[PDB]
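Presented as structure tokens, the chain that follows is alone, the form deposited in one PDB entry.
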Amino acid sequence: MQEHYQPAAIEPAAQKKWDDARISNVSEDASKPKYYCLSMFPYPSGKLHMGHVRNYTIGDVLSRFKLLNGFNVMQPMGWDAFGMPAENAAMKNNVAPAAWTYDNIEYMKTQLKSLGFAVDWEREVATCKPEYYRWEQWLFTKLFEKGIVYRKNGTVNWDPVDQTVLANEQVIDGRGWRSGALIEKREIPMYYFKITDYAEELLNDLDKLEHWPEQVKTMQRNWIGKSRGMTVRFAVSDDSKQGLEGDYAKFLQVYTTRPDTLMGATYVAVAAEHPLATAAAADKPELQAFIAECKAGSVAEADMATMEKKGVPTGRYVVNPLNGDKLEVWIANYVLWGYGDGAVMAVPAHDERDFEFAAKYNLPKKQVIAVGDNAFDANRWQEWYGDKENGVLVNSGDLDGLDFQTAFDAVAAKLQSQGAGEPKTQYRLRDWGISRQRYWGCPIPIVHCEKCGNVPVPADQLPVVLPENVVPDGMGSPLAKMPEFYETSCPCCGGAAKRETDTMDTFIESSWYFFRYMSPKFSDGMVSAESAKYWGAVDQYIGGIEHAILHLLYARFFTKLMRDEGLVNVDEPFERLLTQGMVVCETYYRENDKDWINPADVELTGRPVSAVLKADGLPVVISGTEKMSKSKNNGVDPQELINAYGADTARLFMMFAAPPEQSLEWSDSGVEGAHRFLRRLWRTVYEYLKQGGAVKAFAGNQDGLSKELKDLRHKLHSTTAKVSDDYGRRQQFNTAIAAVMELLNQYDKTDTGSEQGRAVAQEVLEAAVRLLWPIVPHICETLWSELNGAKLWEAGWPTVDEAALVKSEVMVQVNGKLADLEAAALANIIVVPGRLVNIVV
């Protein structure tokens, strides 16, 4: 054993030893119990970043822990390869997105390998390969024939200068983010998943996920946004029917989740596209401009509530079917055509949004609910205004005194009896639009024939291969400019036809890759039936919180789709869900005629004062801490951390600095501290072996050990129990590291020089290297080989010796008849050592 710890010598050797033993190349061995630990696979952007390293270290800690406990562990990795990064990198560098992608995959693969992740590389997948995406094209065609995938016209934001379609998040004040030109709303045909047909299943199945964070479940329930409410029809007043046709001349229908407050509606509001708005604005230019400004909007859903609510009165009136009151119709910008009936009632007394709207325009507020003896104030909003469970109706006529649910049913009865409304269930969830006007994505397996219509490609002809010999320019989607791709024969009639040129939303590939890992070379289906039956579902899933809504809902949706196709036997893809925090770092710049400088290119000025540039030496200015990004150039390249300290130090620093959910602050001092602990770990074993070498670890009956060695064995088996619970239950690895640190501290203060002392020392070290192996496997594998000849993974996870956790009875008489023992005896004077104590009073 070499005296000093050198990661560059031991890490490649350990990886070679793990690869040769093929410990991570697992099969459907029904002898060992299966465990499927999955981290979210990355985009092949070029290099690993520290977010990657944190995620895949967390995934590897859990995997190695379960491996040491005798599980058949699958930890697969792969590449989420389609998407815009490759297309933009293609435009900037004049390279094909495929070539750029495969280069990144090779570089990042070697980086992941140098980090020591116990990955089954034989199960590797790349979603941009035809052997992957042929199967989502296949599922597409099956769902398309069933109607779960349909084609319908939709509205998109078109940029006329950049010649591409933009998302709402990419539109700034009506203009494209890069071009700066006014976007144009255009109606074009697109494809959709009917995810709304699975809404009730997606919502209810969330209750099965007892090992999911409650906030993720809450966020998904709110996204689906189911509501049990009431359809209500307000008769149009006889003076307000000018210009309306059909049922819009008869009534204005709205949806409401608060029918118990119908007595308190003081106005109604319609969408800009509602026929009432059209007929009212017919002679009023102000309303026409308000309708136009509404249509021109491009508000993202994460900003719909932050949008200022504006409205204009129309001069039209409707009648409340419960109290006869005449109510004015307003055009409002928060009423969305396509949600419900595109019309809502407003109760400013018991809905906060209605309260602010009515306060802006001085519209009436009528209290109809009371909660306790609370005073109602028509000028200040109070939280109890919106109370449903605790309130009781007032000012509501014969409905006074009822709670929410009995008022709901009573209003439903009155409405249904006179035909004015009925109960209705609604969902905020929209159907999933998957068409993309991009090149670097999975082609849509539809052929357009003017005789046969939209024809799905036959299963024999799949895949539709995306041609990789393409360098996107910058004047529209390249596939629509390639007749060599889109000119084809109809597979129903043989006539001239045109392939679909739009590609699929890249969320589709990540909605099922966890099943493809089960059988990634299966040529006869998405996943082989024997593999899906053995691996079942993912036991542990790790990834960032930014994917808690869309990706997770998509993955759950796809699982139920594949289940209903007969491909899988699970309702839910992920059993346990751990979400990792962000990585943040200080920022630095130097002013321009700012240009942010990377932290690794900077040294800082015993107390730290200021910072300077490394190459030069003249000062730089230090800014605030925030998430690592290209925006402020504060991303710390993990490769430089590997090169400076080794992979074990990188893995230790990220697991010790913060719990997985908390944000991790980059610290040069912290990284050095982790490296010093590994040096200490190395020195502890080395010094131990140099005074005697290895012995048989202490085992069994510890009666006869000294108190100091009994206390060290108590610390050992308490640390083993603590660490085991931090890995398996709390998933809090920083405290597990601290606990091993405390075990080593007590070991250091214990004289382990005797024969029984060496045996307890051997036991302590053999446990501490196995306890740390999931976090720092390279140095622990090396240290274990010097301590013990058995294979580390076959020695197994350390067991807790309950006998070491037990601590080590005298009589006490008063006046004859029934230091250490005197203190407790007086809590019930000469003391015979160990047997009797006598109270001499």
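Residue numbers here begin at 1 and follow the sequence given. Here the rigid core means the biggest group of C-alpha atoms that line up within 1.5 Å when the two forms are laid on top of each other.
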Report task. Determine, among the other compared PDB entries that model residues flanking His211, whether at least a third leave it unmodelled. Result -> no
**Report entry** Coordinates absent for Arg607 in a third or more of other entries
**Finding:** yes
Report summary line: Residues of the deposited chain absent from the coordinates between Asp593 and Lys594 total 1 to 3
Query - Deposited residues omitted from coordinates between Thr306 and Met307, as a class - result: none
Report task. Decide which of the stretches 526-534 and 613-621 has the higher mean C-alpha B-factor, going by the entry. Result -> 613-621
Report summary line: Comparing 776-784 with 796-804, the higher average Cα temperature factor in the PDB entry belongs to 796-804
Report summary line: Among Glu665, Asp354, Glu293, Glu661, highest Cα B-factor in the entry goes to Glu293
Report summary line: One of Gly789, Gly51, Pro44, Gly59 has the largest Cα B-factor in the entry, namely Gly789
Report task. Grab the CA temperature factor for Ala167 from the record and place it in the lowest, middle or highest third of its chain. Result -> highest
Query raised in the report: Of the three thirds of its chain by CA temperature factor, lowest, middle or highest, which one includes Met84?
Result: highest
Report summary line: By the entry's values, the third containing the CA B factor of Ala375 is the highest
Query - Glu273 - which third its CA temperature factor falls in, relative to the rest of the chain - result: middle
Report summary line: By the entry's values, the third containing the CA B factor of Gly476 is the highest
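There is another form of this protein, the form deposited in another entry, and it is not shown here; the text below is about that form.
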**Report entry** Flagged residue of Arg430, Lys185, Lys129, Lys284 - C-alpha shift reaching 2 Å or more between this form and the one not shown, core superposed
**Finding:** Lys284
**Report entry** Rigid core superposed: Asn153 CA moves 2 Å or more between this form and the one not shown
**Finding:** no
Query raised in the report: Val394: CA shift of at least 2 Å between this form and the one not shown after core fit?
Result: no
Requested in this report: Take the rigid core as the frame of reference and indicate whether the C-alpha of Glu308 shifts by 2 Å or more between this form and the one not shown.
Outcome: yes
